[PDB]
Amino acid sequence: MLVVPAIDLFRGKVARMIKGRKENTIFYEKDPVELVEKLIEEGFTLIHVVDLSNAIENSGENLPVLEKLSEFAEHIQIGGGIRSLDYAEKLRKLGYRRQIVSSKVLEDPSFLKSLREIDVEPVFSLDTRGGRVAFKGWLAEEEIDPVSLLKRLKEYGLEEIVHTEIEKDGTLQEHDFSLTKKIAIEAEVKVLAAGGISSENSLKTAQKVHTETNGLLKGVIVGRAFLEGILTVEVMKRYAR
């Protein structure tokens, strides 16, 4: 299956905001380009990159790094404030075909079709907690059943998502793959599992669910555990294949 290393970029540097809080931001002493280059060399074919400068500060400070990383764009799925077709087109020109989107799709689902018109694969970031859809701007919404939401978006062309159980990294618990499996099978969508991916058991389990779902669960995304060295590249590679 796929084992996708993930890194956040903020002001040109590899970063991480603890439990999604900007007031608690940390920077890793690792060059973003050398890091991605090493991952490509170690055999990883897909890397998850999030431009926090664009997402949080509406800043283009990370563009130069993303342009230097365009050399590996075919192996990168990029996210971070992608809310307009003009910006999606710019990233696609740089080679980023796989783009992570979320809030814009909830506001205007036709955005999905529009992205496909410029040959972008819109990967919807589905955030959940306790099995319920949990998005910053949709906390009062009547429907918060994951499968229900996805079925609605498939009518608009949705085919793949990143399913993140958002509280796992904070509660120091591992991913609950039963939910991911249910979403994959019932909504019939391709899924990359995220959140609580910090142990070999989680990788072992994901590989099993990868099989039980006949491939719908494409693999997992390793973020905090990857950058913190909790999950070594050796172990990650063992399940990459």
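Residue indices: 1-based, along the sequence shown.
Colleague: Using the B-factors recorded in the PDB entry, average over the C-alpha atoms of 98-106 and of 141-149, then report which stretch comes out higher.
Modeller: It is 141-149 that shows the higher mean C-alpha B-factor.
Colleague: Averaged over C-alpha atoms, is the B-factor higher for 23-31 or for 202-210 in this PDB entry?
Modeller: Comparing averages over the C-alpha atoms only gives 23-31.
Colleague: Just grab whichever of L9, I230, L217, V222 has the top CA B-factor as deposited.
Modeller: In this record, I230 carries the highest C-alpha B-factor of the candidates.
Colleague: If you check the C-alpha B-factor for each of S84, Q77, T171, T164 in the entry, which is highest?
Modeller: Of the candidates given, the C-alpha B-factor peaks at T171.
Colleague: Name the third of the chain's ranked CA B-factors that contains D127, choosing lowest, middle or highest.
Modeller: Lowest third of the chain for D127's C-alpha B-factor.
Colleague: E42: which third of its chain by C-alpha temperature factor?
Modeller: For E42, the deposited C-alpha B-factor lands in the highest third.
Colleague: By the record's CA B-factor, is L2 among the lowest, middle or highest third of residues in the chain?
Modeller: Tercile = middle for this residue's CA B-factor.
Colleague: Please place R92 in the lowest, middle or highest third of its chain according to the CA B-factor in the PDB entry.
Modeller: Within its chain, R92 is a lowest-third residue by C-alpha B-factor, going by the deposited values.
Colleague: Looking at the entry's B-factor column for C-alpha atoms only, identify whether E67 ranks in the lowest, middle or highest third of its chain.
Modeller: Tercile = middle for this residue's CA B-factor.
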